[PDB]
Amino acid sequence: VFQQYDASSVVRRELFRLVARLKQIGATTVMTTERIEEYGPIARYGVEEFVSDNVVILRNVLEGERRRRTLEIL
Amino acid sequence: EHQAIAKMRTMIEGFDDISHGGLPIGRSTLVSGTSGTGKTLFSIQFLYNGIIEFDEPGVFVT
Amino acid sequence: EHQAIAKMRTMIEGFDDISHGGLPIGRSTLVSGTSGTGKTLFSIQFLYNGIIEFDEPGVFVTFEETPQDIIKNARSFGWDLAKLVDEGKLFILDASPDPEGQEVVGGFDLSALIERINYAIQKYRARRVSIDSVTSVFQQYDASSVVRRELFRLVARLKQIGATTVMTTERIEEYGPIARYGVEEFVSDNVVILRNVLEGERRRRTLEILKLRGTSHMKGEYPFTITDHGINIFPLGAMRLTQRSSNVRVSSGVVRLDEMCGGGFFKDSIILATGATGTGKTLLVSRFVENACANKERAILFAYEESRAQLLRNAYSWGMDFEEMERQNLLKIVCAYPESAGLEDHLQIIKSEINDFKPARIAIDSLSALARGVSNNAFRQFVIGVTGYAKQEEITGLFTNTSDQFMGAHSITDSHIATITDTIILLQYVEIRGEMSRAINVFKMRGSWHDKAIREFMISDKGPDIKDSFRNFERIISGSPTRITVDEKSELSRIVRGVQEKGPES
Amino acid sequence: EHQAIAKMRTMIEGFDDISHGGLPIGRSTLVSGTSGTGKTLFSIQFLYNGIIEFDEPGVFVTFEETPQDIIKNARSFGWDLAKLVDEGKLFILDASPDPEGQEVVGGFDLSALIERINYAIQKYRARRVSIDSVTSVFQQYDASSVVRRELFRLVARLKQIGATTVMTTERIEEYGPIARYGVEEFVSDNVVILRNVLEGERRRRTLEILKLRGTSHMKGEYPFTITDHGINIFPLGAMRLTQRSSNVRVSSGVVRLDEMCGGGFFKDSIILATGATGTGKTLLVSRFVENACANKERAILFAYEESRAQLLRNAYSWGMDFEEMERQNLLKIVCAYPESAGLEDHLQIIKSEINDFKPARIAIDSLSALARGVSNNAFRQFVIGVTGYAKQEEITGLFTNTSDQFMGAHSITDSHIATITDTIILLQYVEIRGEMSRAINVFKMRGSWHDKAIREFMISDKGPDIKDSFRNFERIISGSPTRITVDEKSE
Ligand SMILES: Nc1ncnc2c1ncn2[C@@H]1O[C@H](COP(=O)(O)OP(=O)(O)OP(=O)(O)O)[C@@H](O)[C@H]1O
Ligand SMILES: Nc1ncnc2c1ncn2[C@@H]1O[C@H](COP(=O)(O)OP(=O)(O)OP(=O)(O)O)[C@@H](O)[C@H]1O
Ligand SMILES: Nc1ncnc2c1ncn2[C@@H]1O[C@H](COP(=O)(O)OP(=O)(O)OP(=O)(O)O)[C@@H](O)[C@H]1O
Ligand SMILES: Nc1ncnc2c1ncn2[C@@H]1O[C@H](COP(=O)(O)OP(=O)(O)OP(=O)(O)O)[C@@H](O)[C@H]1O
Ligand SMILES: Nc1ncnc2c1ncn2[C@@H]1O[C@H](COP(=O)(O)OP(=O)(O)OP(=O)(O)O)[C@@H](O)[C@H]1O
Ligand SMILES: [Mg+2]
Ligand SMILES: [Mg+2]
Ligand SMILES: [Mg+2]
Ligand SMILES: [Mg+2]
Ligand SMILES: [Mg+2]
Ligand SMILES: [Mg+2]
Ligand SMILES: [Mg+2]
Ligand SMILES: [Mg+2]
């Protein structure tokens, strides 16, 4: 959604809104995000983390040509 | 309520273990990762195990 | 106390030492850190105790989290903040934006907030203040220039007011810049970094006090754990060296051994039992725990290799019934995997069980079990921990170390812990005539005199049988000894012909 | 279509094995990577195999090389694309800009183009469409957010059309972003990544399928070759452990040795001869290769240490004449320094050559010669490939290994190929009375019984002459013996 011409700030405030409204409803929501480097920031725009109540990371770590899939609960 | 945070079960083999019950209720849980790591399936499959195990309708936004 | 900056206590298991006292009164401490590091709890924990220990109302400003949740969440550690926001001891000050908000508002509001917080502080008569997630305020359209001036104003005014404040900062990298705008670090009087370093797919959190303008403190990282009780730190280096020592002597559960140790292990003493795999270590330990209960004293056993079940099967086979031990409430078996947590945790799990049961003895079967994966220093430092705790607590310790190379190991340490230890017990195989025989030896005893033989021992359903020494063998330790005889037929009981009887009658 | 995902094989050697079927029909695949990885070839080979195998018209779209060139170059792998253009089975929709022009033509053309695309799709009744260098289009003046929309509009349309696609994308760092804008990443249904990795000033090409929406695939990287017959991907992991096993026997070239191994080597099996430099491994190989010339059978010899010439010499010196072995086209020698290439290219040469001589025996002159300058893992993989290939092909294999230290060596192998070889012939110098004497031994044979003694032997112009064991010595293996001269029982 932010891939139209947005920056960090614009994007943080937006996640807040989204998450919050969803909080009111009482909806146990799950939100999927993309990244750039297996260990780099936790979310494309360096903010999504602190804005969420719970965070999870699905990593497909490289290494010796063999990829290894892991999951963590930050 | 007036106690701890209540959790929901994802019936995803293991995760409901690692998370000590499962996702918190009435709260969004961020799940990010690089292309081809899990996410969708983790979201789809969270919905699915929802219907198919406690009868809890699901809403998938794509 | 010799310091020139007045401090107030956080009552956070560990912090007040590392900070040599607690946050400098009338000042601002920046506790910064990655996502999920511990930050906001610290804050809440900081206001909490002030309330429930000094009766000092506190003002907690929330910026991102909903004033409702802060209370909802803080219930995890068992705190009815509600009731406090209710009795007028804790004023949560909402400032969270809205789900239907505009855009543009972080400068004149920064001036309004000062007056705000200034109202509640004057109103509730507060001493402590938490400003959780200032960062989020600048995350609207700002840059370094405007953040140092704006923060400054806030802290500057806050200090004038006389409130001992804590601000929280997020940061993407664990070791890199302290805070986002790489500017908060110099605007604050103190800086408390909180990290959660990865490495080896496990997770290690640490607290560090970079600076405390005005006084001294413990430098570098210190591991902490967030338990059902909140933050819990280990000044593994603030662990002074002044434990008590006593010439009291206890049993090993093995009689002959006792002699071999000048008269029974010292009460206050660390004991090490090293020996290749399958030499016996596990047994002795069991015979140590056993006896401790046979004299009516408590003792724990933390098995990191064998199950609680199996620990009993082989324990019973060796005699000594652990089933009962558990029941008479004299021996407690923990038992777990070293891979089921980072050392910091394992070190605390152990400490805990040592306080909810008060042993008078403790045994850790296979320290080397805990040295798996982990770095030597990391493990060596953990050894100093347990070893440290049990030493200053009059709790006799028997650790088990299994050397990675049977017969031919030129070092019974491998991780070099033999110098922290007070008394070592050595078990090693001996190749005698196409046979793998065993043999124990008492290497060192700091206070006792102990036997200097490398006696042989055998295992029966009954237990450790301490026989005689391989006097007529050289290159013993080598594992595969060399038979050089000056005698052997020498008296002892010559008398040939019919010497025995048999099973019928003697 | 309430069925699992449908795939369309690519007939690109090795890929259809890795994708578990082949790019999902009608969807978009994304093969991206840095300059010189495969991309352009891939897609080209993608369309080709599509035509000359299933009569499936191909739509190739270029955004930089001129159509004339795509042909010109293609002739590199023996295929006149001009022919299919004449036959209307493939349409190289030129879309490359000309020397002159204007600007401010943003999403302007991305639209008109989707029509010209749909055009030929319908017109040529297309099924497989490839787009090379799509990115060289947004490289006019755009940003991430801009590309995400110009790309998604396409793929979307394409999926509508229903044709199966592949999009070429470029990358700058071999292990950084998946595509220049790190957007295409998520805009694709399937992401393939060509990586032309450096290291040691040598280059290894590695393909990988990061994701395939809706179907399983092969997780991890795979080395691939670029030749005269297109791209080739050896799925060294894919190869299964279902090798044929027979109890038949073969000779070792040395009678007395055939005896030691209880009858001989098993036709189907790998044997390893180990020893310090000099021991005589190269002998055993020379002897093992003549025998297959006595039973008039084709056998191959891969030398990585000596030359065509020198071998001939030291061979005529042991009696065996190779000059005839070649004439009788029953023996073929190769020879190539290990440095001349990397294990990837090697493994192939081997395979290819084995197909053009239908051997029944084979011996590689020194593996350590090949483990030279390469990581164990990288080498360890090279063994299993040849070892594996020689196996499920019935070819008895004998490999040479000069242990890194003479006398006392504590392992037949260093790289650890011991557990990859069935039989282990172990050569080792033995020191007696001040003379470097030898010693051959059948260390292990999985089936047979083989001799358990360490028999010394010698080398004359007649070849190896196994002799008697060192019954009267001790520490034999160590290297520096110690006679026992036990004084009998002392009467
Ligand atoms: N049936 C299946 N069996 C085994 N693995 C599968 C199966 N389907 C998909 N996969 C694997 O899962 C990956 C697909 O990713 P998925 O659709 O779950 O979402 P994602 O990786 O989180 O996000 P994105 O849309 O970028 O791919 C593939 O890369 C593949 O390795
Ligand atoms: N009862 C508990 N037992 C063990 N861990 C707990 C408990 N309660 C909370 N935690 C842990 O505490 C952490 C919560 O972090 P906290 O609320 O203190 O603020 P933060 O990490 O500093 O900042 P942010 O709001 O950005 O996450 C999590 O990492 C979580 O696992
Ligand atoms: N009932 C028994 N009867 C005779 N010998 C026994 C009996 N139980 C154990 N043993 C002997 O004791 C050894 C078992 O080792 P033990 O359980 O004492 O711990 P360890 O050698 O210190 O460590 P680990 O067993 O994990 O290697 C065996 O090598 C075996 O010879
Ligand atoms: N006949 C051939 N034999 C061996 N290798 C060849 C042959 N033809 C081309 N190659 C190799 O294959 C590569 C060709 O790459 P190709 O033009 O197919 O696309 P690309 O490298 O993916 O993208 P780009 O258009 O940027 O070069 C060359 O870099 C070259 O090393
Ligand atoms: N005509 C010959 N007469 C006597 N001995 C010879 C003759 N030719 C070779 N030899 C012996 O064989 C050895 C030659 O080594 P060989 O060809 O067997 O290969 P290798 O030992 O396996 O490997 P490398 O040659 O690389 O050391 C010489 O060291 C020598 O002892
Ligand atoms: Mg997805
Ligand atoms: Mg956080
Ligand atoms: Mg927080
Ligand atoms: Mg044990
Ligand atoms: Mg190209
Ligand atoms: Mg995606
Ligand atoms: Mg040699
Ligand atoms: Mg050689």
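Per Swiss-Prot, chain D residues shown: 14-504, in order.
The deposited model was determined using X-ray crystallography, 3.0 Å.
Yeah, the Cβs are placed from backbone N, Cα and C, and that goes for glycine too.
According to Swiss-Prot, of the residues D:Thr148, D:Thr415, D:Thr432, D:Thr432 is the one noted as phosphothreonine.
Feature region 'A-loop, interacts with KaiA', per Swiss-Prot, maps to range D:488-497 of the set D:28-37, D:318-327, D:398-407, D:488-497. Checking the candidates D:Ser89, D:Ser264, D:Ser265 against Swiss-Prot: the one annotated together with D:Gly49, D:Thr50, D:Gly51, D:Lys52, D:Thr53, D:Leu54, D:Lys224, D:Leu225, D:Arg226, D:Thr228, D:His230, D:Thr240, D:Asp241 at the ATP 1 site is D:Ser89.
Among the ranges D:115-122, D:171-178, D:291-298, the stretch that Swiss-Prot annotates as region 'B-loop, required to bind KaiB and SasA' is D:115-122. According to Swiss-Prot, the feature region 'Linker' maps to residues D:248-260, out of the candidate ranges D:248-260, D:417-429, D:469-481. Minimal Cβ crowding within 10 Å, among the binding-site residues D:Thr53, D:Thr228, D:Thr292, is found at D:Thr228. Each residue of the region 'Linker' (D:248-260) gets a DSSP state, and the totals for helix, strand and coil are 0 helix, 0 strand, 13 coil. For D:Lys294 (ATP 2 binding site), the number of other Cβ atoms no farther than 10 Å from its own Cβ, over all displayed protein chains, is 26. The Cβ of D:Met458 (ATP 2 binding site) lies under 8 Å from the Cβ of D:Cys274, D:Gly275, D:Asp435, D:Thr436, D:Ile437, each of which sits 6+ residues away along the same chain. Packing against the region 'A-loop, interacts with KaiA' (D:488-497) from elsewhere in the chain are residues 419-421, 441-445, 452, 467: each is 6 or more residues past its ends and has a CB under 8 Å from a CB in it. The DSSP breakdown of the region 'A-loop, interacts with KaiA' (D:488-497) into helical (H, G, I), extended (E, B) and coil residues amounts to 3 helix, 0 strand, 7 coil. Note on D:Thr290 (ATP 2 binding site): other Cβ atoms within 10 Å of its Cβ, all shown chains, come to 12.
Within the set of recorded positions D:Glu77, D:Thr292, D:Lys294, D:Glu318, D:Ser461, the entry lying nearest in space to D:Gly49 (ATP 1 binding site) is D:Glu77 (CA atoms). Listed binding-site residues: D:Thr290, D:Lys294, D:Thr295, D:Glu318. Those with a CB atom under 6 Å from ligand 13: D:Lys294, D:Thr295, D:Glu318. Sequence-distant neighbours of D:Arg451 (ATP 2 binding site) (same chain, 6+ apart, CB under 8 A from its CB) are D:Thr292, D:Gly293, D:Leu440, D:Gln441, D:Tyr442, D:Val443, D:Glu469, D:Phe470, D:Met471, D:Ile472. Note: the Cα of D:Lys465 (ATP 2 binding site) and the Cα of D:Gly51 (ATP 1 binding site) are spaced 53 Å from each other. The local packing around D:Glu77 (active site, proton acceptor in CI (KaiC 1)), expressed as other Cβ atoms within 10 Å of its Cβ over all shown chains, amounts to 16.
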